[PDB]
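Asks: Here's my sequence, what's the structure:
(chains A, B, C, D, E, F, G, H, I, J and K)
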Amino acid sequence: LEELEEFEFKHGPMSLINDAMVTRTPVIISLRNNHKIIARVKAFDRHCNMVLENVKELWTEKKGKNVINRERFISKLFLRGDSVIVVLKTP
Amino acid sequence: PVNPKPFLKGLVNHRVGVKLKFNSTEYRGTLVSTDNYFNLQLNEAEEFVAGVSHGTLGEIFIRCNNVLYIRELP
Amino acid sequence: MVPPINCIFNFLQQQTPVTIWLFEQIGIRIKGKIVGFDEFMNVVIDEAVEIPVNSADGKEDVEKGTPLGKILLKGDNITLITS
Amino acid sequence: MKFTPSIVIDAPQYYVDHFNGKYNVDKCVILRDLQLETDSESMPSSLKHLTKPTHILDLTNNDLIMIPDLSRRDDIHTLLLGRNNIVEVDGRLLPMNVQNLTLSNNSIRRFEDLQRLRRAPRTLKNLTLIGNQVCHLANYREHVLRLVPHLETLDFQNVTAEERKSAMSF
Amino acid sequence: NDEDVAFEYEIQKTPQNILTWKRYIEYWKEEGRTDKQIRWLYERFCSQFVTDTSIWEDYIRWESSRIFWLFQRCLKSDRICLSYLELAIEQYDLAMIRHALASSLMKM
Amino acid sequence: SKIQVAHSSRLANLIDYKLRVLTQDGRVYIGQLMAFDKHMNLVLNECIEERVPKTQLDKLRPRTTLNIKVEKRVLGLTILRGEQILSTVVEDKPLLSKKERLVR
Amino acid sequence: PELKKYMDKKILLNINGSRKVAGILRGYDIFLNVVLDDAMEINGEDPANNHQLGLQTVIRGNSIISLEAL
Amino acid sequence: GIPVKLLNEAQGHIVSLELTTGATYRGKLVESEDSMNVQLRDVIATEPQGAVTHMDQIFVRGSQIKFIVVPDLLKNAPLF
Amino acid sequence: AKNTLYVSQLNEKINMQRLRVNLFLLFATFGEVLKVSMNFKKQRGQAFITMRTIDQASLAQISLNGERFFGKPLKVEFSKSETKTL
Amino acid sequence: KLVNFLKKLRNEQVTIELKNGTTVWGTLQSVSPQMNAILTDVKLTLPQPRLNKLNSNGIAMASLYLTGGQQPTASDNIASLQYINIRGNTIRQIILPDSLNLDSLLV
RNA sequence: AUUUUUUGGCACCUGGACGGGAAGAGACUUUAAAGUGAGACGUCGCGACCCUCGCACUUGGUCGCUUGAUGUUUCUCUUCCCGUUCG
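Replies: Residues are numbered from 1 along each chain as shown, chains lettered A, B, ... in the order given. Please find the structure below.
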């Protein structure tokens, strides 16, 4: 069983997340509510659940006919994986 | 004939356009790998919303459930 | 009786042109021929074209269709497949 | 007796069906014949222990001199105060959503004792004032009606359209 | 605030009703009166019942260094001393752990 | 004031407790939990639904001075499907049946 | 799906997107996929607005909301 | 567990069920399945807006059931 | 006699929802009314009121009988039985 | 995997954020295998701007009010609950304690 | 984590305050004179005429609401008496 998990996280698409975790580089996760999160991956699983460090959350909100950016810094966070649209490797 | 997973395993190292079922977003990039659950890794990706590019992204991992279709790009 | 999977295998084997309706996108359809499928009802569609469609009084102006080429349409987006 | 926390906490709570006919759905809290005399330095702070939600509060036959300050209750749609010694009807003190109020056999003696019924919430549909001295007075019913014209029933007799249309003309 | 007095009169009604004192303490927890205030109320709760140790054991369950100090008092004044045996063993000063335990065996 | 329940109370302990069950379309179902399921399918006895009308929803905006008049349906014995539950909240404990009041 | 009692009978389905399809049930599936013969898209009372669909029609089961006899 | 078994015990009785669409159906439960699929016969249907209509027989897919209302007698069932 | 009073000669024209609620409100003054049961399809104009105690039921019998209730004068007497669906 | 990490956070204060944007501050008491949380001494909240966008947030505001805990008329619609059980599919994020030594929990 | 539940078709869209109601405006139909922001679902009831004589374990039919209130779809505001609250 679990040997397949160690295969898929090493060769398959989640090797990106794994590389970002091992090299400690931040990833720009993009969520289903159009929030971005910029964060370090500390752990993940096959559902793309994640434990994240130094989370910066970013989004726009609207006042009338114009938009104002909003921001949060969260020290430690867990992300349920069903909400992830895309994860981007920060250059 | 070509079944879905053999087909997608044939597009690896070729440029594909992954249209998402949401936000009218389509990611155009080189397909590097794919999961049995059809997760995708693209490289050299360009975000397009409604045909207007938001510029090159580098590497992206796209969760399987967001995908409407993958098309090969000639 | 034909099980639905066998009916899709008929579309595959006879190369019958099909129209596929999309799950929530009532305004769009895909026309093509299925060149493979799987137990999740993912489909590889060859000669696929997306067709603009009206929501009710649902005429289909194929003259404005956009050719996608060959696509893997994820099966969680299919609602109907028809000749 | 006077109000104390154990009295208000221990009070029998059980669902009744009288407002529905089929299902037991209204929590009825029972404080009957208990001879609670009122004391502002003991009662309202005890009533902060009255369980929430509750729907019928039955304070029948208790020695209260005025309607208890349940103004902070959104839930007590029925307040029973029969045989108590209430003398004045301050509509501020009723629950916010009280629908039925039962003042039978209290000690209300003049329309001046009723005058602040005008302040009662517009949710109040049912009133009973039987056995008060006030019920003997001339034009009593028309007075209560023009104080609170949105009653549907007063003293278990239906408020007809002509009674309401009279009461609202003042 | 007024609400304490509603329990105080109830204590004047029937002071040996343990559930009154318990609900009074519970309200003081929910509002969060200071430790030195709740100590005075727990010592009242014990003093009205000084013949029975069970209320001291509830007090110790809230006072849980003062819980060790009062436990040394409760050992000086035996099932609660048996309950203390794990705490007393960790003191390692053998006369202080062993004397209370042998006293509890003496009044077993 | 309100009911307190022990912190260890799993859903299996709340049988015969009257729950408020909150659901994905902004509605609440209130009834004694008779049984449940791995999915959180629930059986609610004597169930009553509440919803907030669109006329009242405005009163939830910023200025207990708000007083929402919900709309209710008495449903009766009801099976909720698990997909619809967002959350569950305890409203009340198992009461004595009014039979038990009867003196003789 | 113990759906056999509908077999070779005409049925009307309400399916995702408030769409409706009527036809002759020729087969069904564990996932409640169905096959319709003589299928028609229904969207009004006017037969000129309803569209005859293809000779064979497969409906993916998670789309079906209800399946009503005719 | 018990909730689906209760829907087996309701067979032969008039169930009322609401869909995710808001449509209501009320009728005799003639079949039911472990997925909460149901078959209703002699069915008072109702569009989400309240426009009533009537149907001889209907099958409803489990995924689309919001809740099912069951006769009060079954609160006495031995399941509980 | 018994926990259950029988009430008769109710005003037929009134809606039972009002009539049952107001019978609760009427009898609650003199007893802990545990149940008001009415079934006009089988017994028009009649209700069976179950009090907590015989002393309360007897005081209610002594005080509500003949009292006006929606204009029509109420009839009250002890029931032949308990209410079973209490 | 990582639900077995969350199972270790018992008796610790978390701010769960739901899919609909409601934030649940509270003491975490349980996490089922399917991420069903149980929390006590809870404070539900809706972020300020969401109360102005009723086409998206009317359902969220209605579910918050109908919890019956919104006796406070505080802005941002605070509701206080002694106990809540949250079905795991509704969780968007869990904001964890800052002092949590993640390594000891993950390893 | 793969169609039927839990690894997402979801997201874009002094003074303040509330409530009694009056007067005008507005809008549509009539021939200067009389009626009251559009069109429609349903539902609680209310009150009259039509069913039943009474001790059990869904009273029935029908009409007005010219408002008694209420929920929900689709289309295009000034002013004066006054009740009640807030700092």
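
Asks: Spatially nearest residue to residue I:24 (excluding sequence neighbours)?
Replies: Closest residue to residue I:24 apart from its sequence neighbours, by CB to CB, 6 or more residues apart in numbering or on different chains: residue D:18 at 4.1 Å. Yep, even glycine has a C-beta here, placed from its N, CA and C like the rest.

Asks: was I right about that neighbour contacting residue I:21?
Replies: Yes: Residue D:18 is in contact with residue I:21 according to CB atoms under 8 Å; the separation is 6.2 Å.

Asks: And the residue of chain F that's closest to chain C?
Replies: residue F:83 (16.0 Å; CB to the nearest CB).

Asks: Please name the bridge partners of residue A:78.
Replies: Residue A:78 has these beta-bridge partners by DSSP bridges: residue A:51, residue J:94.

Asks: That one is in contact with residue A:51, isn't it?
Replies: Yes: shown here, residue A:78 and residue A:51 form a contact pair, counting by CB under 8 Å, at 5.5 Å.

Asks: anything in contact with each of these two?
Replies: Common neighbours of residue A:78 and residue A:51, using CB atoms under 8 Å, 6 or more residues apart in numbering or on different chains, are J:2, J:5.

Asks: quick one: which helix or strand includes residue B:48?
Replies: For residue B:48, the enclosing helix or strand under DSSP states H and E is strand B:40-49.

Asks: Point me to the residue sitting closest to the centre of chain A.
Replies: Chain A has residue A:29 as the residue nearest its centroid, 3.5 Å off, counting by CA atoms, centre = their mean.

Asks: Same check on chain J?
Replies: Short answer for chain J (CA atoms, centre = their mean): residue J:24, at 2.6 Å.

Asks: so that residue sits in a strand?
Replies: Yes: using DSSP: H, G, I helix; E, B strand; the rest coil, the assignment for residue J:24 is a strand.

Asks: closest point of chain A to chain D, which residue?
Replies: In chain A, the residue that lies nearest chain D is residue A:61 (32.8 Å; CB to the nearest CB).

Asks: If that residue is in a bridge, with which residues?
Replies: Going by DSSP bridges, residue A:61 is paired in beta bridges with residue A:68.

Asks: My understanding was that it contacts residue J:49; is that so?
Replies: Yes: shown here, residue A:61 and residue J:49 form a contact pair, counting by CB under 8 Å, at 4.9 Å.

Asks: start to end distance for stretch G:34-54?
Replies: End-to-end span of stretch G:34-54 (CA to CA, to the nearest Å): 14 Å.

Asks: What about residue I:72, how many residues nearby?
Replies: Around residue I:72 there are 14 other residues, counting by other CB atoms under 10 Å in any protein chain shown.

Asks: residues touching it, list them.
Replies: I:9, I:10, I:11.

Asks: can you redo those as CSV with distance to residue A:74, neighbour count and secondary structure?
Replies: Shown next, in CSV, are these (distance: CB to CB, whole Å; neighbours: other CB atoms under 10 Å in any protein chain shown; DSSP: H, G, I helix; E, B strand; the rest coil):
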residue, distance to residue A:74, neighbour count, secondary structure
I:9, 72, 14, coil
I:10, 66, 23, coil
I:11, 67, 18, coil
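
Asks: Can you tell me which of the residues you listed is nearest residue B:65?
Replies: Ranked by distance to residue B:65 (CB to CB), those are led by residue I:10 at 63.1 Å.

Asks: Please list all residues in contact with the nearest residue to that closest one once chain neighbours are set aside.
Replies: Excluding the flanking residues, the one nearest residue I:10 by CB to CB, 6+ apart is residue I:45, at 4.6 Å. By CB under 8 Å, 6+ apart, the contact set of residue I:45 is I:8, I:9, I:10, I:12.

Asks: bridging residues for the residue of chain G found nearest chain D?
Replies: As assessed by CB to the nearest CB, chain D sits closest to residue G:66 within chain G, at 29.2 Å. On the basis of DSSP bridges, residue G:66 is bridged to residue G:14, residue H:60.

Asks: With residue B:46 instead?
Replies: Residue B:46 forms beta bridges with residue B:28, residue B:56, as assigned by DSSP bridges.

Asks: and it, how far is that from residue D:63?
Replies: For residue B:46, the distance to residue D:63 equals 83 Å [CB to CB, to the nearest Å].

Asks: Helix, strand, or coil at residue D:145?
Replies: From three-state DSSP, the assignment for residue D:145 is helix.

Asks: measure it to residue B:13 for me?
Replies: Applying CB to CB, the value for residue D:145 to residue B:13 is 88 Å.

Asks: Pick out whichever of these two has more residues nearby.
Replies: A side-by-side neighbour count of residue D:145 and residue B:13, using other CB under 10 Å, places residue D:145 first with 21 against 10.

Asks: Give the closest residue to that one in space, chain neighbours not counted.
Replies: Nearest-residue entry for residue D:145: residue D:167, 3.8 Å, with adjacent residues in sequence omitted and distances by CB to CB, 6+ apart.

Asks: OK, contacts around that neighbour?
Replies: Counting by CB under 8 Å, 6+ apart, residue D:167 touches D:142, D:145, D:146, D:149.

Asks: Filter these down to the buried ones.
Replies: Among these, those buried by neighbour count (16 or more other CB atoms under 10 Å in any protein chain shown) are D:145, D:146, D:149.

Asks: What is the nearest of these to residue H:14?
Replies: The closest of these to residue H:14 turns out to be residue D:149 (CB to CB; 43.3 Å).

Asks: all helices for the chain, in order.
Replies: Since you didn't name a chain, this refers to chain A. Per DSSP state H, chain A carries helices over the ranges A:2-11, A:15-22.

Asks: Correction: the question concerned chain J.
Replies: Along chain J, counting by DSSP H, helices occupy J:3-6, J:54-66, J:102-106.

Asks: got it, and chain C?
Replies: With helices called from DSSP H, chain C shows them at C:4-13.

Asks: Spell out the secondary structure type for residue F:77.
Replies: strand.
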